[PDB]
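Report on the following structure.
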Amino acid sequence: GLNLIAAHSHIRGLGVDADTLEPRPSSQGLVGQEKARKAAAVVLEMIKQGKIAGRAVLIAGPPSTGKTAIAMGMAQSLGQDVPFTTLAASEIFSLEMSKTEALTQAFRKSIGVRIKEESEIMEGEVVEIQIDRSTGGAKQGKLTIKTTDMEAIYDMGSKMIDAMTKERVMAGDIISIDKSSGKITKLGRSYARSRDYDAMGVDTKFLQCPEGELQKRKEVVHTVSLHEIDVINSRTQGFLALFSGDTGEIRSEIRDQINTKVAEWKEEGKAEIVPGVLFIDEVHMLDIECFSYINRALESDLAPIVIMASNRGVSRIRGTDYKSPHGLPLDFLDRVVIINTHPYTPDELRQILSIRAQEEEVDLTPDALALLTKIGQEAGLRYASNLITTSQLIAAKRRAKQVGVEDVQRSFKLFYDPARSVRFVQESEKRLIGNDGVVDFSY
Amino acid sequence: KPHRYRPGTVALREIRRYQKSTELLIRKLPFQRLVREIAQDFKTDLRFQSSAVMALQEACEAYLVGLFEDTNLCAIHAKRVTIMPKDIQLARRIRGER
Ligand SMILES: Nc1ncnc2c1ncn2[C@@H]1O[C@H](COP(=O)(O)OP(=O)(O)O)[C@@H](O)[C@H]1O
């Protein structure tokens with residue numbers, strides 16, 4: 202389909218026993234990281250429980266230790282029930298809006314308003330449309346519709362006859378009509394009428410007739426974020442800015458009104474509030490102004506849980522000239538609990554490579570998996586994982602059905618790991634342009 | 520003052536004319552269009568031989584003439600000189616056809 206194979210495609214969940222929060226040694230595509238997966242499952246529990254507002258969790262650990270994987274596992278194990286916003290900290294440096302406004306919109310995106318509504322929908326195969334069009338139009342007309350179980354005829358009001366002519370509704374068309382709006386969606390063409398569709402090309406699909414009653418109440422559970430309500434109220438087609446962007450800085454008094462109205466809908470029981478998650482990937486790309494805003498945004502009642510990942514050690518905080526752990530100011534780190542991801546053992550690398558060799562269509566011979574595991578220890582999990590794809594392409598060039606050691610060796614030879622790449626750089630320092638701008642082009 | 524026959528005189532003259540004759544009583548071109556109109560709903564770009572539609576007039580006129588005879592017996596069984604739609608409906612239903 203349109204989803205290709207990607208680095209996280211094998212993550213199907215968090216891999217944790219829902220009855221106990223005990224992490225299984227591997228399941229759902231996660232291997233090891235058990236203590237970190239247990240902690241993320243405790244966070245996941247209190248996300249679903251909703252009662253706790255504006256807690257922040259940092260996932261801290263060396264690169265490739267599964268920090269994004271655990272974040273993706275939580276997203277896959279929340280699903281559609283809960284809003285889940287992913288933010289790269291690079292994204293808030295907008296030219297359209299100040300970074301605290303961009304960071305406000307991200308918090309607003311992570312609270313859902315859940316609204317349950319009904320409508321009568323009429324659905325069936327058109328047996329006939331008669332419209333007289335009697336000079337003017339839409340004067341009178343009759344609609345006959347059937348399911349497999351019923352047939353009925355309807356006199357149409359003139360603004361429904363406009364809708365029918367607008368949708369060029371024809372005998373044999375399978376339609377749904379939302380009655381209160383009066384919009385007509387043509388779900389398809391009935392197969393029994395196929396010969397009447399003389400203009401439709403042979404690529405055309407056909408359907409069986411709808412089943413049961415022509416009319417029923419269908420109930421829709423909408424979830425709309427606070428950000429969407431904010432943007433809708435900004436201007437006469439405010440929602441249109443939810444797509445193009447081109448929201449300005451939305452005025453604070455609009456948000457304050459909406460917070461009051463959503464509290465009214467909750468107290469009236471018309472709507473429910475569904476707190477989600479905001480995940481801030483590589484949070485150390487934020488600067489000191491951002492962290493000062495976050496500190497108090499977290500104290501709002503309508504704050505999501507915020508989950509964060511950092512590769513950084515004791516490192517320079519952006520927008521200042523001093524250093525702190527994770528690159529995050531201590532006053533912000535006081536508001537945050539930290540989950541640590543550790544490096545992998547060789548057998549866990551073997552399992553992750555095996556999983557990645559299942560997610561791509563690759564057969565690894567047992568010695569090729571052993572060699573990739575050895576390369577994984579020596580050159581890192583990500584590099585060996587990229588040798589899987591490379592080896593399959595080399596094997597296919599030699600038309601082999603399984604990837605052999607010869608293919609992994611060609612991969613290791615053709616594509617350098619980060620350390621050999623650095624060693625190549627440290628040898629070529631006269632040919633590579635230095636930090637001084639100096640370079641020699643002679644042989 | 521011009522003559523005028525009694526109600527039922529020319530009906531009998533018409534019966535005695537059409538039971539004596541064999542020529543077809545439905546008009547040709549109006550029946551061709553009915554056949555082609557019906558055929559369109561089964562398959563586009565069909566053709567009919569002239570003999571195929573003329574064979575098909577002869578079949579259906581005989582069906583209608585034969586049905587009217589059965590309905591006329593249903594009328595006179597109701598002691599009516601006048602055939603009515605429920606006579607058609609009775610005749611076909613006895614025939615297993617309605
Ligand atoms: N415990 C694990 N189980 C399964 N796959 C993992 C695990 N840890 C890392 N990976 C995979 O290895 C790759 C690198 O890990 P990643 O989560 O990107 O590390 P980080 O985000 O800390 O750099 C990703 O494709 C990820 O899916």
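Listed in order, the protein sequences are those of chains A and B. Mapped onto the numbering used here, the consecutive letters of the first sequence carry residue numbers 202 to 644. Mapped onto the numbering used here, the consecutive letters of the second sequence carry residue numbers 520 to 617. We treat Cβ as the ideally placed atom computed from N, Cα and C, and that holds for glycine.
- Taken in chain order, the complete alpha helix (DSSP H) segments of 4 residues or longer contained in the stretch 408 to 476 of chain A are 427 to 433, 442 to 445 and 453 to 469.
- It is roughly 33 Å from the alpha-carbon of residue 442 (chain A) to the alpha-carbon of residue 247 (chain A).
- Inclusion of residue 238 (chain A) and residue 217 (chain A) in the CB contact set at 7 Å is warranted, their separation being smaller than that value.
- For residue 486 (chain A), the three-state secondary structure derived from DSSP is helix.
- Collapsing the DSSP output to three states places residue 577 (chain A) in a helix.
- Ranked by how close their Cα comes to the Cα of residue 231 (chain A), the residues A:456, A:355, A:277 and A:220 have A:277 in first place.
- For the 7 Å CB-CB criterion, residue 353 (chain A) and residue 427 (chain A) do not form a contact.
- Of the candidates A:592, A:335, A:340 and A:320, A:320 places its Cα closest to the Cα of residue 383 (chain A).
- Per DSSP, residue 569 (chain B) is one residue of the alpha helix (DSSP H) stretching across 569 to 596.
- In the same chain as residue 501 (chain A), and ignoring 5 residues on each side of it, the C-beta atoms closer than 7 Å to its own belong to 255, in chain order.
- The three-state reading of DSSP puts residue 545 (chain B) in coil, since its state is none of H, G, I, E or B.
- Distances between the C-beta of residue 231 (chain A) and the heavy atoms of ligand 1 include at least one below 6 Å.
- Counting only the Cα atoms, residue 378 (chain A) lies some 16 Å from residue 391 (chain A).
- Approximately 5 Å separates the beta-carbon atoms of residue 459 (chain A) and residue 430 (chain A); this is inside 8 Å, confirming the contact.
- Residue ranges of uninterrupted alpha helix (DSSP H) with 4 or more members, entirely inside the stretch 343 to 410 of chain A and ordered along the chain, are 359 to 367.
- Look at the beta carbons and you see the stretch 294 to 313 of chain A touching the stretch 503 to 520 of chain A: at least three pairs across the two are nearer than 8 Å.
- In the three-state reduction of the DSSP assignment, residue 605 (chain B) falls in the helix class, which pools H, G and I.
- Three or more beta-carbon pairs separated by less than 8 Å link the stretch 263 to 275 of chain A to the stretch 534 to 545 of chain A, which places the two stretches in contact.
- Per DSSP, residue 534 (chain B) lies in no beta strand (DSSP E) segment; the continuous alpha helix (DSSP H) that holds it begins and ends at 528 to 537.
- Here the C-alpha atom of residue 434 (chain A) lies approximately 24 Å from the C-alpha atom of residue 288 (chain A).
- In the structure shown, the three-state DSSP call for residue 244 (chain A) is helix.
- In this chain, the beta strand (DSSP E) harbouring residue 321 (chain A) covers 312 to 332.
- About 6 Å separates the Cβ atoms of residue 507 (chain A) and residue 481 (chain A), confirming a contact at the 8 Å cut-off.
- Taking the Cα of residue 294 (chain A) as reference, the smallest distance to any Cα among A:361, A:484 and A:365 is reached at A:484.
- Non-local C-beta neighbours of residue 514 (chain A) in its own chain, meaning closer than 7 Å and more than five positions away in sequence, are absent.
- Distances from the CB of residue 289 (chain A) to the heavy atoms of ligand 1 are all 6 Å or more.
- Where residue 634 (chain A) is concerned, there is no enclosing beta strand (DSSP E), because DSSP gives it neither an H nor an E.
- Annotation for residue 273 (chain A): no beta strand (DSSP E) segment contains it, though the alpha helix (DSSP H) segment containing it runs 268 to 279.
- By the C-beta density criterion, residue 572 (chain A) is buried, having at least 16 other C-beta atoms within 10 angstroms.
- Taking a contact as a CB-CB distance under 8 Å, the pair residue 422 (chain A) and residue 317 (chain A) counts as one, their CB atoms being some 5 Å apart.
- Assignment of residue 610 (chain B) by DSSP, reduced to helix, strand and coil, places it in the helix class.
- Pairing residue 550 (chain A) with residue 402 (chain A), the inter-Cα distance amounts to about 53 Å.
- Closest option to residue 494 (chain A), judged by alpha-carbon separation, among A:528, A:532 and A:469: A:532.
- The beta carbon of residue 589 (chain B) lies closer than 6 Å to those of 610 in the same chain, with the five residues before and after it left out.
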